[PDB]
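Take a look at this single chain in C-alpha cells; it is the form solved without the partner chain.
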C-alpha cells in the first residue's frame, strides 16, 4: 500500500482520492530511496505509475519558498509535460500552498515570463527548449533547484543539440540537489550524460509489464458498412449473454455518441475517452469496475489488458490502429478469468488488412462470426 511508503499525511490523503490503492513495481523499487533524496537512474519500460514516482517523491521533500522554484522536471514530449503537471496538481491537492506550472513551445513565451515574474511556482515542468530560453532570459531563476528530474531521457538525450541544451540547463542549477533520470530504454550515449548529472545513483531496472496473450479467447469478425454498425452491435447485444461488455471506438466524438445512443436505448453505458481529465478517466473506469453499469465505450484504456473479470465481450466497433492495440484491448489480465469473446467490425479493406495483420502476429485465426456461439466457451462458470 502507499501507506507503507511513509509519506506525508496530506500526500497520502490525495493518493486515496485519486483511486489506485496498490503501488506498481517501479514505485516499490524507487519511492523509498527517492524520498530519502537519493539520486536515481530508472529504466521502467512503461508509464505504470512511473511519473507518480518522482511527483510523490519531490512533493514529499518539498520545502515551499514563496517566489522560488525548488523542483524542475523536464521531458521530451509536450503532452507528457502537460500530464506530469496535472499529476502534481492532483497529488498536492491537500498542500494548498504548492504551486505548479508547465512551460512548452506552442505558447508565447511572454505568457511564461508573466507567470514567472508575477506568480512563480515552486515546481516547474517543461520541455528543454522552452526551459532553456526562459532561463537564458533570466525569467526563470534555477539557482534554488533542489530536485532536478528528467523523464523520457532516451528521447531527450538522443541528439547532441538537445543533449547540449539539457547540460546547459543543468549547469544553471545548484551542485547540491537530488537528480532523478527515468527512461523506457537505456540508449547508448545517455550513460555519459548520467555520469555528469549523477554520481553513484541508485540504479533501478524494472521488469517490463508481463505481456498479455490471446490464448483461450474466442475471436471473430464481421464485415459490414459503417452505417450498419449500430444495428449489428445492438442485435448482437440482444443475443449474446454477458455480465459486462467493453466497446472500443476510434474517436471521442464516436465514443460520446455511441455511449449516448446505448444509454437512450436502455443500455446503461459509460464513456471514457482521450478528452477527459485523467482523474475523470480513472474515476469512471473505477465506477465500471464497481459493476455500476454493464457497458463501457472507450477510445482506449490504461493498457495492461482487460482487468475487469465481469467483462465477457470486447467489441472493436472501430478497427484498432495496429495489432499491438488489438492485444491491449482484447487480452485478459484479471485475477482469475481467462475466457473471453472478441468481436471485430470490418468496414473496409484497410481494417481487413489490419485484421489479417493481427492473425499473423499472434498466429491465431479470427473467423467470421457464426450464427451460434456457445456461452460456456467465452464465459466462466
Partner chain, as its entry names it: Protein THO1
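Think of the rigid core as the biggest set of C-alphas that the two forms share within 1.5 Å after superposition. Numbering follows the first chain given and starts at 1.
This next part talks about the form solved in complex with the partner chain, which is not shown.
- Comparing 235-243, 179-187, 194-202, 297-305 against the partner chain in the entry with it bound, the single stretch with non-hydrogen atoms within 4.5 angstroms of it is 235-243.
- Although the partner is absent from this view, residue 267 contacts the partner chain in the entry with it bound, with a non-hydrogen atom inside 4.5 angstroms.
- Of the heavy atoms in residue 110, none are within 4.5 Å of the partner chain in the entry with it bound.
- The partner chain in the entry with it bound comes within 4.5 Å of a heavy atom belonging to residue 231.
- Core superposition between this form and the one not shown leaves every listed residue (120, 134, 98, 308) with a C-alpha shift below 2 angstroms except 308.
- Relative to the superposed rigid core, the position of the CA of residue 58 differs between this form and the one not shown by less than 2 Å.
- Superposed on the core, the two forms differ at residue 188: its CA moves 2 Å or more between this form and the one not shown.
- The two forms, fitted on the rigid core, differ between this form and the one not shown by 2 Å or more at the CA of residue 351.
- Annotation for the pair residue 18/residue 273: C-alpha atoms recede from each other in the entry with it bound, by 3 Å or more compared with this form.
- Whereas the displayed form keeps them at a certain spacing, the CA atoms of residue 60 and residue 209 lie at least 3 angstroms farther apart in the entry with it bound.
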